[PDB]
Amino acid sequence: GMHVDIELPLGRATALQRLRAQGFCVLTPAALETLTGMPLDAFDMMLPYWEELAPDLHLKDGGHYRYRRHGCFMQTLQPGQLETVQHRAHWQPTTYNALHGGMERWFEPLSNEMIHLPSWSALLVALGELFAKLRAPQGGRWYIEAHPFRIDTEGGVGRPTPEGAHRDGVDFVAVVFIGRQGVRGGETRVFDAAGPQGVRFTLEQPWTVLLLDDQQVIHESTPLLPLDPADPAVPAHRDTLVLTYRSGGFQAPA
C-alpha cells in the first residue's frame, strides 16, 4: 500500500522521501508547524477570511454552492523572496495538452489583510522550498496560485465529479484542510497516475496538509452530505485552501 501519515508528524526529509517514492504525503498540523516555524495560533488568524469568500456563480450544474477567492504570487528561491503579482485569470482548458483557447475565469481577489499575515508567507514559502528540493523549478522561481474554498450544502446536490480523479496541470499541489462543520463525506482519494494503487482518507484536523506531485498522482474528494439534512439552519460546509506551484509560468494560453 501507500503511506497516509495522518497521525504522526513527518519531518521535511521524510516528507521528501515520501513524495519521491509515492508522489504525495500528508503533514499533520504539528508537522506543518515544524516545517513552517509558525505556531498553529498564527495559522488560525486566517480562519475568519473563510467567512467572506465570494460566491462562484460560473457553473450552473446543480452542485453544492461554492465560494472562493483567488490570488497569485511568485516565489524566488535564492535569494528567498515572495511577492504578489497582479490579479489575473485562472485558465481551465479541457486538456493540459492545450496550447491556446479554453476558458479563462476571473474570481475575486484574496483579502489584502490575509496575505500580509505572517503565517501566509510562512506557509507558501516553506512549501515552495520543500517542493524545489524534489524538482527545482526553472530559474529558481515558482508561480503560485492560491484558491481558498468553501463548499456549502445549503443548496445543491453533491455528485461525483464527471471526470473522476484529476490533476491540476502544475508541478506540485498543496491542499490545506481549513475546517468543516455539519457534514460527512468529503473523503480525499489519491491515486498513482501510472498504476492501480490508491488511498482514501478524510481530512479532519485544521491545518492538516496534503502535498501532491501533480505529475505522479491524481486526486479527488467525495461529495459532502449534511449530518442533519432535516435542519437547514445548522451550518454545513467544508473549507480548504488549494495552492498550486508551477515552473516556467502560470498555466495560461499562449
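The first residue of the sequence shown is number 1, and the count goes up from there.
**Q** For the higher mean C-alpha B factor in the entry, choose 110 to 118 or 146 to 154.
**A** Mean CA B-factor is higher for 110 to 118.
**Q** Which is higher in the entry, the mean Cα B factor of 182 to 190 or that of 222 to 230?
**A** According to the entry, 222 to 230 carries the higher average C-alpha B-factor.
**Q** Within this chain, which third does the Cα B-factor at residue 23 fall in: lowest, middle or highest?
**A** Lowest third.
**Q** Considering every modelled residue of the chain and its Cα B-factor in the PDB entry, is residue 206 in the lowest, middle or highest third?
**A** Tercile = lowest for this residue's CA B-factor.
**Q** Where does the C-alpha B-factor of residue 30 rank in its chain, lowest, middle or highest third?
**A** Residue 30: CA B-factor falls in the middle third of its chain.
**Q** Going by the recorded CA B-factors, say which third of the chain residue 171 sits in, lowest, middle or highest.
**A** Tercile = lowest for this residue's CA B-factor.
**Q** Taking the values exactly as deposited, rank residue 131 by C-alpha B-factor within its chain and report the matching third: lowest, middle or highest.
**A** Bottom third by C-alpha B-factor.
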